[PDB]
């Protein structure tokens, strides 16, 4: 029913419209600052709907003492104080599985767009330069070694697609995953040294922050490409730009950045990089599935029914 729900940012028009219809919706951006909401409706909010941009941090959790559930429009939880949520009896839900296919599809697209210079080729035709001569030769994808940081649902989905291109697959992190034929590497530097396409597909934790640093980038080398579909903090972003400027890294296919929607100016002029505005899950089909899952978790919670996709 008309229960107080806080929407952190304009995630999705259909989700926002249903929240306004089923619940008592508070739009976080209708308040000049966060304290304008906290001072006026501290106890009015029983649910928070966030995403990868604004979630539920320690300050927000403590400023809303009546909060019962965090329903995230995301698979990632790096914007939610999960441990504090468990301490205060707050449920948290996300949207697993429903965006695996689209995010894996975007990783494979960035690999092809970087290796085959498709976005550069498109600018080549539309600028009229094809009348002068053939476009430069590019780099073959089929058969190239793909190393995946994180063999979860999305990482395993990327590997399945690369196998159709006859790609050797290796992976890294935690403990060796059972039931895979991919090559396990106990370190990222050894994974990067033995692959030409390095895919970030892990969760953002203090452990995985800046997991692609100067040392891993130097191990990747000028014949390698970084593919980041995870979080911008997975990569030491000033080091990635520096290595691309100096030729220590071949290219980069980047969907996420440190301070979105800001993208470093140096990357804008490079032909060996492909830059997308965080479109991993941004399809009509997936965003509808994510929206219906967030609504399904809120409904089940406030009806005292078992949640659909709980994390804690």
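Residue numbers count along the first chain shown, from 1.
Worksheet entry | Of 86 to 94 and 154 to 162, the stretch whose C-alpha atoms average the higher B-factor in the entry | On average, C-alpha B-factors are higher across 86 to 94.
Practice prompt. Could you check the entry and say whether 185 to 193 or 224 to 232 has the higher mean CA B-factor?
Written response: Between 185 to 193 and 224 to 232, it is 185 to 193.
Discussion item. By the CA temperature factor listed in this entry, which of these ranks top: 37, 249, 269, 49?
Written reply: It is 37.
Worksheet item: Can you tell me which of 174, 136, 144, 116 has the highest Cα temperature factor in the record?
Response: Among 174, 136, 144, 116, the highest C-alpha B-factor in the entry belongs to 174.
Discussion item. Per the entry's values, where does residue 79 land by CA temperature factor relative to the rest of its chain, in the lowest, middle or highest third?
Written reply: Highest third of the chain for residue 79's C-alpha B-factor.
Practice prompt. Select lowest, middle or highest to describe the third in which the CA B-factor of residue 121 falls within its chain in this entry.
Written response: Tercile = lowest for this residue's CA B-factor.
Item to complete: Would you check the entry's CA temperature factor for residue 281 and let me know if it's in the chain's lowest, middle or highest third?
Response: Residue 281: CA B-factor falls in the middle third of its chain.
Worksheet item: residue 215: which third of its chain by C-alpha temperature factor?
Response: Its C-alpha B-factor belongs to the middle third of this chain's values.
Practice prompt. Taking the chain's C-alpha temperature factors as the reference, tell me which third residue 170 falls into: lowest, middle or highest.
Written response: Tercile = lowest for this residue's CA B-factor.
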